[PDB]
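**Student:** Before I ask anything, here is the structure I am working with.
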Amino acid sequence: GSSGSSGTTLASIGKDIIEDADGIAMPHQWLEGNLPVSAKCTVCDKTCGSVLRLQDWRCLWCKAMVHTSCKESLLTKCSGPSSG
Ligand SMILES: [Zn+2]
Ligand SMILES: [Zn+2]
């Protein structure tokens with residue numbers, strides 16, 4: 001006859017810094033509509049501007065206007081709302 005058992009461990013986690021130390025990648029903040037009168041697509045280079053449609057999307061950080069379809073087409077990454 002011989003037996004035994006024991007073990008007690010605990011841990012508390014939840015918040016984790018989603019920032020790196022090499023070159024964090026920041027997406028583009030697409031804002032439905034809100035396009036200027038002289039708007040322009042940065043993917044296809046076509047006349048844009050949703051006067052009474054408020055559809056066209058445009059980044060607020062890099063300030064890049066793109067179409068709904070062209071959006072997915074865009075590959076380049078964003079820099080951010082501010083760095084220096
Ligand atoms: Zn952007
Ligand atoms: Zn476009």
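Ordering of the structure tokens sets the chain letters (A, B, ...), residue numbers begin anew at 1 in every chain, and ligands are numbered from 1 in the order given.
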Residues up to 10 Å from ligand 1, counting only C-alpha atoms and all ligand atoms: could you list those as a list in words?
**Tutor:**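 Listed by chain and ascending number, the contacts are residues 26, 27, 28, 29, 30, 58, 59, 60, 61, 62, 63, 64, 65, 76, 77, 78, 79, 80 and 81 of chain A.
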**Student:** For the selection you just gave me, I'd like the residues written to a file as an mmCIF file, in the first residue's frame, keeping N, CA and C atoms.
**Tutor:**
```cif
data_model
loop_
_atom_site.group_PDB
_atom_site.id
_atom_site.type_symbol
_atom_site.label_atom_id
_atom_site.label_comp_id
_atom_site.auth_asym_id
_atom_site.auth_seq_id
_atom_site.Cartn_x
_atom_site.Cartn_y
_atom_site.Cartn_z
ATOM 1 N N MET A 26 0.195 49.679 -36.842
ATOM 2 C CA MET A 26 -1.076 50.349 -36.590
ATOM 3 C C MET A 26 -1.909 50.430 -37.865
ATOM 4 N N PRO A 27 -3.160 49.953 -37.788
ATOM 5 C CA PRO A 27 -4.082 49.961 -38.928
ATOM 6 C C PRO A 27 -4.538 51.370 -39.294
ATOM 7 N N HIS A 28 -5.518 51.456 -40.188
ATOM 8 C CA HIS A 28 -6.045 52.745 -40.622
ATOM 9 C C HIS A 28 -7.451 52.970 -40.073
ATOM 10 N N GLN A 29 -7.632 54.077 -39.360
ATOM 11 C CA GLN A 29 -8.928 54.407 -38.780
ATOM 12 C C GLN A 29 -9.902 54.880 -39.854
ATOM 13 N N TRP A 30 -10.653 53.941 -40.418
ATOM 14 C CA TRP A 30 -11.623 54.262 -41.459
ATOM 15 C C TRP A 30 -12.860 54.925 -40.863
ATOM 16 N N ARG A 58 -12.330 57.352 -45.075
ATOM 17 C CA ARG A 58 -11.066 58.076 -45.097
ATOM 18 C C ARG A 58 -10.387 58.031 -43.730
ATOM 19 N N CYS A 59 -9.103 57.690 -43.724
ATOM 20 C CA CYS A 59 -8.340 57.608 -42.485
ATOM 21 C C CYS A 59 -8.249 58.973 -41.810
ATOM 22 N N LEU A 60 -8.160 58.967 -40.484
ATOM 23 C CA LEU A 60 -8.066 60.205 -39.718
ATOM 24 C C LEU A 60 -6.622 60.493 -39.322
ATOM 25 N N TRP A 61 -5.807 59.444 -39.272
ATOM 26 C CA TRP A 61 -4.403 59.585 -38.909
ATOM 27 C C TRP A 61 -3.574 60.039 -40.106
ATOM 28 N N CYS A 62 -3.466 59.173 -41.107
ATOM 29 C CA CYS A 62 -2.701 59.485 -42.309
ATOM 30 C C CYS A 62 -3.512 60.364 -43.256
ATOM 31 N N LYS A 63 -4.814 60.451 -43.007
ATOM 32 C CA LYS A 63 -5.700 61.260 -43.834
ATOM 33 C C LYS A 63 -5.749 60.726 -45.262
ATOM 34 N N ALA A 64 -6.081 59.447 -45.399
ATOM 35 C CA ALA A 64 -6.167 58.816 -46.711
ATOM 36 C C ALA A 64 -7.599 58.399 -47.027
ATOM 37 N N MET A 65 -8.141 58.935 -48.116
ATOM 38 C CA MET A 65 -9.503 58.617 -48.528
ATOM 39 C C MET A 65 -9.514 57.458 -49.520
ATOM 40 N N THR A 76 -0.656 48.905 -48.007
ATOM 41 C CA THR A 76 0.184 49.750 -47.167
ATOM 42 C C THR A 76 -0.415 49.909 -45.774
ATOM 43 N N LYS A 77 0.449 50.061 -44.777
ATOM 44 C CA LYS A 77 0.005 50.226 -43.397
ATOM 45 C C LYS A 77 -0.064 51.702 -43.020
ATOM 46 N N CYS A 78 -0.587 51.980 -41.832
ATOM 47 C CA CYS A 78 -0.710 53.351 -41.351
ATOM 48 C C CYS A 78 0.415 53.689 -40.376
ATOM 49 N N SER A 79 0.680 54.981 -40.212
ATOM 50 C CA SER A 79 1.733 55.437 -39.312
ATOM 51 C C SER A 79 1.170 55.734 -37.926
ATOM 52 N N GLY A 80 0.040 56.433 -37.889
ATOM 53 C CA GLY A 80 -0.582 56.773 -36.623
ATOM 54 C C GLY A 80 -1.015 58.225 -36.560
ATOM 55 N N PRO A 81 -1.815 58.564 -35.538
ATOM 56 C CA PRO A 81 -2.315 59.928 -35.344
ATOM 57 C C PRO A 81 -1.213 60.897 -34.932
#
```
**Student:** Got a sec to check which residues lie within 10 Å of ligand 2, using only C-alpha atoms and all ligand atoms, and send them as a PyMOL selection string?
**Tutor:** chain A and resi 40-48+56-57+65-71+73-74
**Student:** Please return, as a ChimeraX atom specification, all residues of chain A that DSSP assigns to strand (DSSP E or B) on the basis of the backbone.
**Tutor:** /A:26,30-32,40,47,57-59,65-66,78
**Student:** Output C-alpha atoms for every residue in that selection, as a compact mmCIF listing (two decimals), in the first residue's frame.
**Tutor:**
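Heads up, here's the output in out-v9.txt:
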```
# COMPACT_ATOMS: atom_id res chain seq x y z
CA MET A 26 -1.08 50.35 -36.59
CA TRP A 30 -11.62 54.26 -41.46
CA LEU A 31 -14.36 56.84 -40.89
CA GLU A 32 -17.63 56.26 -42.75
CA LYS A 40 -9.65 61.65 -53.92
CA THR A 47 -12.93 61.43 -57.73
CA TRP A 57 -14.15 56.05 -46.00
CA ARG A 58 -11.07 58.08 -45.10
CA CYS A 59 -8.34 57.61 -42.49
CA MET A 65 -9.50 58.62 -48.53
CA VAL A 66 -10.48 55.31 -50.14
CA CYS A 78 -0.71 53.35 -41.35
```
**Student:** Can you pull out every residue from range 1-73 of chain A that DSSP, working from the backbone, puts in alpha helix (DSSP H), and format the result as a PyMOL selection string?
**Tutor:** chain A and resi 68-73
**Student:** For the selection you just gave me, I'd like the residues written to a file as a PDB file, in the first residue's frame, keeping C-alpha atoms.
**Tutor:**
```pdb
ATOM      1  CA  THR A  68     -15.452  50.735 -49.896  1.00  0.00           C
ATOM      2  CA  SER A  69     -14.074  48.228 -52.402  1.00  0.00           C
ATOM      3  CA  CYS A  70     -10.689  49.911 -52.815  1.00  0.00           C
ATOM      4  CA  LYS A  71     -10.345  49.799 -49.028  1.00  0.00           C
ATOM      5  CA  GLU A  72      -9.651  46.060 -48.929  1.00  0.00           C
ATOM      6  CA  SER A  73      -7.381  46.613 -51.932  1.00  0.00           C
TER       7      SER A  73
END
```
**Student:** For residue 53 in chain A, list every protein, DNA or RNA residue within 10 Å, evaluated using only C-alpha atoms, and leave out those in the same chain fewer than 3 positions away; present the list as an MDAnalysis selection string.
**Tutor:** chainID A and resid 32:35 49:50 56
**Student:** Distance CA of residue 82 in chain A-CA of residue 15 in chain A, one decimal place?
**Tutor:**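 According to the coordinates, CA of residue 82 in chain A and CA of residue 15 in chain A are separated by 24.0 Å.
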